[PDB]
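Structure file coords.txt; described as compact mmCIF, C-alpha atoms and all ligand atoms.
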```
# COMPACT_ATOMS: atom_id res chain seq x y z
CA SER L 2 -35.27 30.20 -22.40
CA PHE L 3 -36.63 33.73 -22.56
CA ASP L 4 -39.96 35.07 -23.80
CA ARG L 5 -40.86 36.92 -26.97
CA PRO L 6 -40.15 40.65 -26.58
CA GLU L 7 -43.23 42.80 -27.02
CA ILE L 8 -43.58 46.09 -28.89
CA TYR L 9 -45.97 48.84 -27.80
CA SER L 10 -46.58 52.48 -28.67
CA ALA L 11 -47.81 55.63 -26.95
CA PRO L 12 -48.88 58.92 -28.58
CA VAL L 13 -46.76 61.87 -27.49
CA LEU L 14 -46.27 64.50 -30.19
CA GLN L 15 -48.55 65.95 -32.85
CA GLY L 16 -46.41 64.57 -35.66
CA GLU L 17 -46.83 65.60 -39.26
CA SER L 18 -50.00 67.37 -40.30
CA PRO L 19 -52.79 64.98 -41.37
CA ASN L 20 -53.62 64.55 -45.04
CA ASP L 21 -57.05 63.90 -46.54
CA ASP L 22 -55.88 60.89 -48.59
CA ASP L 23 -54.48 59.21 -45.46
CA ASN L 24 -56.31 56.09 -44.32
CA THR L 25 -56.66 57.31 -40.72
CA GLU L 26 -58.35 60.55 -41.78
CA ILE L 27 -60.71 58.68 -44.12
CA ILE L 28 -61.64 56.35 -41.24
CA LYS L 29 -62.19 59.34 -38.92
CA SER L 30 -64.35 61.15 -41.49
CA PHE L 31 -66.41 57.99 -42.02
CA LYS L 32 -66.81 57.58 -38.24
CA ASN L 33 -68.00 61.18 -37.92
CA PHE L 34 -70.40 60.57 -40.81
CA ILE L 35 -71.90 57.59 -38.99
CA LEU L 36 -72.13 59.38 -35.64
CA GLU L 37 -73.24 62.83 -36.82
CA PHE L 38 -75.61 62.34 -39.77
CA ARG L 39 -79.20 63.55 -39.38
CA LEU L 40 -81.95 62.82 -41.89
CA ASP L 41 -84.76 64.89 -40.36
CA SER L 42 -84.14 65.00 -36.60
CA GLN L 43 -82.58 61.61 -35.76
CA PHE L 44 -79.17 59.98 -36.15
CA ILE L 45 -80.46 57.29 -38.49
CA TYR L 46 -77.16 55.44 -38.88
CA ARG L 47 -76.35 55.53 -35.16
CA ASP L 48 -79.81 54.19 -34.32
CA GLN L 49 -79.56 51.57 -37.09
CA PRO U 147 -77.97 48.84 -68.37
CA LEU U 148 -75.98 45.62 -68.55
CA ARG U 149 -75.10 46.17 -72.23
CA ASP U 150 -73.32 49.49 -71.60
CA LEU U 151 -70.80 48.06 -69.13
CA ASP U 152 -67.38 48.95 -70.52
CA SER U 153 -63.75 49.01 -69.46
CA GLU U 154 -64.25 52.43 -67.86
CA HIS U 155 -66.41 50.79 -65.18
CA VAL U 156 -63.73 48.28 -64.12
CA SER U 157 -62.98 48.53 -60.37
CA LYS U 158 -65.79 51.08 -60.11
CA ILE U 159 -69.08 51.10 -58.23
CA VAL U 160 -71.89 50.50 -60.74
CA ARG U 161 -75.65 50.44 -60.25
CA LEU U 162 -77.33 48.04 -62.64
CA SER U 163 -80.72 46.36 -62.92
CA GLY U 164 -81.80 42.94 -64.11
CA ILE U 165 -83.43 39.63 -63.23
CA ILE U 166 -81.92 36.74 -61.27
CA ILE U 167 -81.61 33.40 -63.04
CA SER U 168 -79.83 31.20 -60.51
CA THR U 169 -78.55 31.41 -56.94
CA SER U 170 -75.72 29.05 -56.08
CA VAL U 171 -75.23 27.03 -52.91
CA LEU U 172 -73.55 28.69 -49.94
CA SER U 173 -69.80 28.18 -50.09
CA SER U 174 -67.74 28.58 -46.92
CA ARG U 175 -64.97 31.18 -47.02
CA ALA U 176 -62.44 31.59 -44.22
CA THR U 177 -62.41 34.77 -42.11
CA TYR U 178 -60.19 33.77 -39.17
CA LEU U 179 -58.08 30.66 -39.60
CA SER U 180 -55.54 29.22 -37.19
CA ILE U 181 -52.60 27.42 -38.80
CA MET U 182 -50.03 25.09 -37.29
CA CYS U 183 -46.73 23.97 -38.79
CA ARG U 184 -46.39 20.27 -39.59
CA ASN U 185 -43.17 19.59 -37.65
CA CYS U 186 -42.11 23.03 -36.41
CA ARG U 187 -45.47 23.32 -34.55
CA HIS U 188 -45.52 27.11 -35.01
CA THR U 189 -49.00 28.50 -34.36
CA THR U 190 -50.15 31.47 -36.44
CA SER U 191 -53.49 33.16 -37.17
CA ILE U 192 -54.58 34.63 -40.50
CA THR U 193 -57.42 37.15 -40.47
CA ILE U 194 -59.22 37.76 -43.78
CA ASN U 195 -61.51 40.73 -44.41
CA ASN U 196 -61.80 40.42 -48.22
CA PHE U 197 -63.90 37.50 -49.52
CA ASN U 198 -65.36 39.17 -52.60
CA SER U 199 -62.74 37.99 -55.11
CA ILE U 200 -63.44 35.17 -57.57
CA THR U 201 -61.19 32.59 -59.31
CA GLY U 202 -58.01 33.04 -57.31
CA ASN U 203 -56.61 32.92 -53.77
CA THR U 204 -55.85 36.54 -52.89
CA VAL U 205 -55.02 35.28 -49.38
CA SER U 206 -53.26 31.93 -49.05
CA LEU U 207 -51.27 30.04 -46.46
CA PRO U 208 -47.62 31.16 -46.28
CA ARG U 209 -45.15 29.40 -48.57
CA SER U 210 -42.66 28.84 -45.73
CA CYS U 211 -42.64 28.67 -41.95
CA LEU U 212 -42.71 32.02 -40.16
CA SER U 213 -40.80 30.88 -37.05
CA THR U 214 -37.42 31.71 -38.60
CA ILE U 215 -38.19 35.28 -39.70
CA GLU U 216 -40.01 36.22 -36.48
CA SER U 217 -37.17 35.05 -34.17
CA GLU U 218 -39.57 34.95 -31.23
CA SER U 219 -37.43 32.50 -29.23
CA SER U 220 -34.09 33.65 -27.85
CA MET U 221 -32.53 30.19 -28.19
CA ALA U 222 -33.93 29.81 -31.75
CA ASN U 223 -33.94 26.01 -31.87
CA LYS U 233 -29.94 24.35 -40.87
CA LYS U 234 -33.55 23.37 -40.17
CA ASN U 235 -36.29 24.05 -42.72
CA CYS U 236 -39.93 23.05 -42.35
CA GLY U 237 -40.55 22.68 -46.08
CA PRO U 238 -42.85 24.15 -48.73
CA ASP U 239 -46.37 25.01 -47.51
CA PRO U 240 -45.91 23.48 -44.03
CA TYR U 241 -49.07 24.86 -42.40
CA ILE U 242 -52.28 22.94 -41.78
CA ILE U 243 -55.53 24.60 -40.77
CA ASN T 195 -19.00 -0.14 -52.40
CA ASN T 196 -16.88 2.88 -53.45
CA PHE T 197 -15.03 4.95 -50.84
CA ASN T 198 -12.36 6.71 -52.94
CA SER T 199 -14.06 10.12 -52.90
CA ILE T 200 -12.58 13.05 -50.97
CA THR T 201 -14.22 16.50 -50.58
CA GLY T 202 -17.60 15.49 -51.96
CA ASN T 203 -20.44 12.99 -51.55
CA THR T 204 -20.44 10.68 -54.56
CA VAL T 205 -23.35 8.76 -52.99
CA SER T 206 -25.84 10.76 -50.91
CA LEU T 207 -29.39 10.46 -49.66
CA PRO T 208 -32.06 10.77 -52.38
CA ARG T 209 -33.35 14.28 -52.94
CA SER T 210 -37.00 13.15 -52.99
CA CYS T 211 -39.01 10.28 -51.60
CA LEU T 212 -38.79 7.06 -53.60
CA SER T 213 -42.30 5.85 -52.71
CA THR T 214 -43.95 7.59 -55.67
CA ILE T 215 -41.56 6.40 -58.39
CA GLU T 216 -41.56 2.78 -57.21
CA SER T 217 -45.39 2.50 -57.08
CA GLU T 218 -44.93 -0.42 -54.70
CA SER T 219 -48.47 -0.27 -53.27
CA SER T 220 -51.56 -0.88 -55.39
CA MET T 221 -53.57 1.41 -53.11
CA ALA T 222 -51.09 4.30 -53.68
CA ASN T 223 -52.05 6.49 -50.73
CA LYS T 233 -51.18 15.76 -54.27
CA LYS T 234 -48.93 14.59 -51.42
CA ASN T 235 -45.21 15.41 -51.29
CA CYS T 236 -42.76 14.34 -48.61
CA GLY T 237 -40.48 17.34 -49.14
CA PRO T 238 -36.88 17.92 -50.21
CA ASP T 239 -34.36 15.58 -48.54
CA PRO T 240 -36.96 13.64 -46.51
CA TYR T 241 -34.84 10.66 -45.41
CA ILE T 242 -33.40 10.00 -41.95
CA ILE T 243 -30.64 7.46 -41.35
CA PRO X 140 -44.87 4.25 -0.47
CA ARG X 150 -41.51 8.88 -11.31
CA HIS X 151 -38.14 9.23 -13.01
CA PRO X 152 -37.47 6.15 -15.19
CA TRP X 153 -34.76 3.77 -14.04
CA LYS X 154 -31.45 3.49 -15.86
CA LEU X 155 -29.01 0.60 -16.19
CA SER X 156 -25.27 0.22 -15.81
CA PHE X 157 -23.01 -2.71 -16.64
CA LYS X 158 -20.02 -4.44 -15.08
CA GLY X 159 -18.18 -7.65 -15.88
CA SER X 160 -16.20 -9.17 -18.70
CA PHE X 161 -16.84 -7.55 -22.08
CA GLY X 162 -14.61 -9.87 -24.12
CA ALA X 163 -13.75 -8.30 -27.46
CA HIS X 164 -15.66 -5.16 -26.42
CA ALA X 165 -13.07 -4.15 -23.79
CA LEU X 166 -11.30 -1.67 -26.04
CA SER X 167 -9.11 1.43 -26.24
CA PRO X 168 -9.57 4.82 -27.94
CA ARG X 169 -7.03 3.63 -30.50
CA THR X 170 -8.60 0.17 -30.80
CA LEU X 171 -12.13 1.55 -31.39
CA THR X 172 -12.89 1.31 -35.10
CA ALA X 173 -16.14 1.48 -37.07
CA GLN X 174 -16.88 -2.23 -36.56
CA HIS X 175 -17.76 -1.42 -32.94
CA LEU X 176 -20.40 1.16 -33.87
CA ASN X 177 -23.88 0.56 -32.40
CA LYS X 178 -22.31 -1.76 -29.83
CA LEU X 179 -21.81 -1.68 -26.07
CA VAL X 180 -18.12 -1.02 -25.46
CA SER X 181 -16.00 -0.73 -22.32
CA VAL X 182 -13.18 1.73 -23.00
CA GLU X 183 -10.35 2.35 -20.54
CA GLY X 184 -8.30 5.50 -20.83
CA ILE X 185 -7.38 8.86 -19.35
CA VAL X 186 -9.70 11.86 -19.11
CA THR X 187 -8.09 14.83 -20.85
CA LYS X 188 -10.93 17.35 -21.27
CA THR X 189 -14.06 17.79 -19.15
CA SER X 190 -16.65 20.27 -20.39
CA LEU X 191 -18.72 22.45 -18.08
CA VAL X 192 -21.77 20.72 -16.65
CA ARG X 193 -24.56 22.36 -18.62
CA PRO X 194 -28.30 21.99 -17.94
CA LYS X 195 -30.37 20.81 -20.89
CA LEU X 196 -34.07 21.66 -21.11
CA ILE X 197 -36.32 18.59 -21.27
CA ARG X 198 -39.78 19.98 -20.49
CA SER X 199 -40.58 23.69 -20.45
CA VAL X 200 -43.55 24.95 -18.42
CA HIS X 201 -45.37 28.14 -19.40
CA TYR X 202 -48.17 30.24 -17.92
CA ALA X 203 -50.98 31.99 -19.78
CA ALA X 204 -52.17 34.91 -17.65
CA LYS X 205 -55.19 35.73 -19.81
CA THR X 206 -56.67 32.26 -19.33
CA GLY X 207 -54.52 31.49 -16.28
CA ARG X 208 -53.40 28.05 -17.40
CA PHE X 209 -50.10 26.15 -17.36
CA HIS X 210 -48.81 24.53 -20.55
CA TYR X 211 -45.77 22.35 -21.14
CA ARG X 212 -43.65 21.15 -24.03
CA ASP X 213 -41.27 18.20 -24.07
CA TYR X 214 -37.96 18.26 -25.95
CA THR X 215 -35.85 15.34 -27.17
CA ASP X 216 -32.62 14.93 -29.10
CA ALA X 217 -30.75 12.03 -30.68
CA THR X 218 -28.47 11.68 -27.64
CA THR X 219 -31.12 10.87 -25.02
CA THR X 220 -32.43 7.87 -26.99
CA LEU X 221 -30.66 4.74 -28.19
CA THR X 222 -33.15 4.10 -31.01
CA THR X 223 -33.40 6.76 -33.70
CA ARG X 224 -36.87 8.24 -34.19
CA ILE X 225 -38.21 10.92 -36.53
CA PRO X 226 -36.63 14.27 -35.57
CA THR X 227 -39.56 16.57 -34.81
CA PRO X 228 -38.20 20.00 -33.82
CA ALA X 229 -40.88 21.58 -31.66
CA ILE X 230 -40.06 25.26 -31.23
CA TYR X 231 -40.13 26.99 -27.88
CA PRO X 232 -43.74 28.14 -27.32
CA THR X 233 -44.06 31.85 -26.62
CA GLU X 234 -47.76 31.90 -27.59
CA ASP X 235 -50.58 29.43 -26.99
CA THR X 236 -53.07 28.13 -29.57
CA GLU X 237 -55.50 30.98 -28.80
CA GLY X 238 -52.88 33.69 -29.36
CA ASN X 239 -52.16 34.67 -25.75
CA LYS X 240 -48.63 35.42 -24.59
CA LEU X 241 -46.90 32.78 -22.47
CA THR X 242 -44.55 33.45 -19.55
CA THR X 243 -41.75 30.97 -18.99
CA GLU X 244 -42.08 29.33 -15.58
CA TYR X 245 -38.50 28.67 -14.53
CA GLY X 246 -38.45 26.44 -11.49
CA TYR X 247 -41.23 24.32 -12.96
CA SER X 248 -39.29 23.48 -16.12
CA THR X 249 -36.96 20.49 -15.92
CA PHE X 250 -33.26 20.61 -16.78
CA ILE X 251 -30.95 17.58 -16.91
CA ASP X 252 -27.21 17.96 -16.40
CA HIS X 253 -25.17 17.22 -19.52
CA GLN X 254 -21.41 16.75 -19.75
CA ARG X 255 -18.88 16.03 -22.47
CA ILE X 256 -15.61 14.33 -21.59
CA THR X 257 -12.70 13.33 -23.80
CA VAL X 258 -11.10 9.95 -23.08
CA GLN X 259 -7.58 9.49 -24.42
CA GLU X 260 -5.51 6.32 -24.34
CA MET X 261 -3.44 5.91 -21.19
CA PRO X 262 0.21 7.03 -21.54
CA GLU X 263 1.17 3.75 -19.84
CA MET X 264 -0.41 1.67 -22.65
CA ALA X 265 0.15 4.04 -25.54
CA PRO X 266 2.86 3.70 -28.20
CA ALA X 267 5.81 5.75 -27.06
CA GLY X 268 6.16 8.07 -30.06
CA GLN X 269 2.81 8.26 -31.81
CA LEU X 270 0.09 10.85 -31.41
CA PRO X 271 -2.66 9.62 -29.06
CA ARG X 272 -6.22 8.82 -30.07
CA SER X 273 -9.22 10.19 -28.21
CA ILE X 274 -12.99 9.72 -28.07
CA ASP X 275 -15.90 11.81 -26.82
CA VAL X 276 -18.27 10.55 -24.11
CA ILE X 277 -21.65 12.12 -23.27
CA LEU X 278 -22.86 11.96 -19.67
ZN ZN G 1 -42.17 25.32 -38.79
```

Write-out of the structure in structure tokens:
Amino acid sequence: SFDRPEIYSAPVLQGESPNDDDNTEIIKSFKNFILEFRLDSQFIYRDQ
Amino acid sequence: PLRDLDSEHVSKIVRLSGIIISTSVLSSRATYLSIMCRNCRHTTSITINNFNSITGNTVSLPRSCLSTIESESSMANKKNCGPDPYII
Amino acid sequence: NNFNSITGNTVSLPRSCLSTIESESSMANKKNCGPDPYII
Amino acid sequence: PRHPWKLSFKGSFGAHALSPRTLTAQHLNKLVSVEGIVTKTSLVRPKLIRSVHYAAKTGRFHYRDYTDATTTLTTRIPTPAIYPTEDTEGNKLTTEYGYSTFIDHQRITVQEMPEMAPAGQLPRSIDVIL
């Protein structure tokens, strides 16, 4: 009457070089766009 | 303009102006739904993040029970739950 | 009333529920009972 | 000053005092008293009746009851409830052994006594659940 085995992961190595069409890189670029965009002197999307 | 919409704009972002004739009532779409098997009693959760389709169920309840494929229980108690055995 | 069969079920449980085909109830309460739904 | 009480029977059984050879299908769903010799005795195996689980995220104890066709005399709808490894909210459950209940189950094989058996024929045997 045992439990369900669980699966977990941990980052170790660099892996393959990232590609621009990859979903993770698109998400990261979008995140940097939200955090780092300035209209005149303010992060308008961060404040919004 | 609305008259120059063609097949080249399909699955594309278009900016288009007009006037609004009617607004429908608010229908309720499902974002997070918990399902339970009828007799197997297997509890599952479906998360939906795409509600913008029309005339079709792009996300539906599974056709069969997911307890057999997952093999979560070591004992694993031929038993089939049937077609579309999940209730919300 | 026939028991001459060997290696095979000449009479078995019905594959589907017989409640729909009989239409025994006037109330008639899409609902399907499923394949092989009968228990002895 | 909780376990339900069971019954056992003694006395004259009349036509129901039978043998593993004498048992036919006319005695099905009937109370029979069969005399014989024990030939095989299976290992006494615990059978899970109610499993108790713990959810550490919400810190609550759940339970699930299990039944089979053997523990009841009257046939009911077979509802196979799977072993819960996850609650309704999605949290992982830990099996609480020691709080779950297990009932001892045995299978024995009762053969006709060699004293009352025909002297050249193969013997007949039945299975008894305890
Ligand atoms: Zn199921």

Exercise: residues within 12 Å of coordinate (-51.9, 32.9, -25.3), counting only C-alpha atoms, as JSON, numbers by chain: {"L": [5], "U": [189, 190, 191], "X": [201, 202, 203, 204, 205, 206, 207, 208, 209, 210, 232, 233, 234, 235, 236, 237, 238, 239, 240, 241, 242]}

Surroundings of ligand ZN 1 (chain G) up to 10 Å, based on all atoms listed in the file, as a list in words: residues 182, 183, 184, 185, 186, 187, 188, 189, 210, 211, 212, 213, 214, 234, 235, 236, 237, 239, 240 and 241 of chain U; 227, 228, 229 and 230 of chain X

Residues of chain T within 10 Å of chain X, counting only C-alpha atoms, what are they? List them as a ChimeraX atom specification. /T:241-243

If you measure from atom CA of residue X:250 to atom CA of residue X:184, what distance in Å do you get, rounded to one decimal?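 Atom-to-atom, atom CA of residue X:250 to atom CA of residue X:184, that is 29.5 Å.
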
As a PDB file with C-alpha atoms, keeping the file's coordinate frame, could you give me every residue of chain T near chain U (at most 10 Å apart, counting all atoms listed in the file)?
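Result went into result.pdb, see below:
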```pdb
ATOM      1  CA  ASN T 235     -45.210  15.410 -51.290  1.00  0.00           C
ATOM      2  CA  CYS T 236     -42.760  14.340 -48.610  1.00  0.00           C
ATOM      3  CA  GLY T 237     -40.480  17.340 -49.140  1.00  0.00           C
ATOM      4  CA  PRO T 238     -36.880  17.920 -50.210  1.00  0.00           C
ATOM      5  CA  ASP T 239     -34.360  15.580 -48.540  1.00  0.00           C
ATOM      6  CA  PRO T 240     -36.960  13.640 -46.510  1.00  0.00           C
TER       7      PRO T 240
END
```

What is the atom CA of residue U:177 to atom CA of residue U:207 distance in Å?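 Distance reported for this atom pair: 12.9 Å.
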
Distance of atom CA of residue L:45 from atom CA of residue L:29, expressed in Å to one decimal place: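 Distance reported for this atom pair: 18.4 Å.
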
When you get a sec, could you note down which chain L residues fall within 12 Å of chain X, using all atoms listed in the file, as an NGL selection string? :L and (2-7)

Distance cut-off 9 Å, counting only C-alpha atoms - which residues of chain U neighbour chain L? Return them as a ChimeraX atom specification. /U:217-221

Residues at most 12 Å from residue X:159, counting only C-alpha atoms, excluding those fewer than 5 positions away in the same chain, as a VMD selection string? chain X and resid 164 to 165 180 to 181

Can you tell me which residues surround residue X:171 at a distance of at most 12 Å, considering all atoms listed in the file, apart from same-chain residues fewer than 2 positions away, and format the answer as a ChimeraX atom specification? /X:163-169,173-184,258-260,272-275

Draw an axis-aligned box over all listed atoms of stretch 215-241 of chain T, pad each side with 5 Å, and write its centre and edge lengths in Å, one decimal, as AutoDock Vina command-line options.
```
--center_x -44.0 --center_y 8.5 --center_z -51.9 --size_x 29.2 --size_y 28.8 --size_z 23.0
```
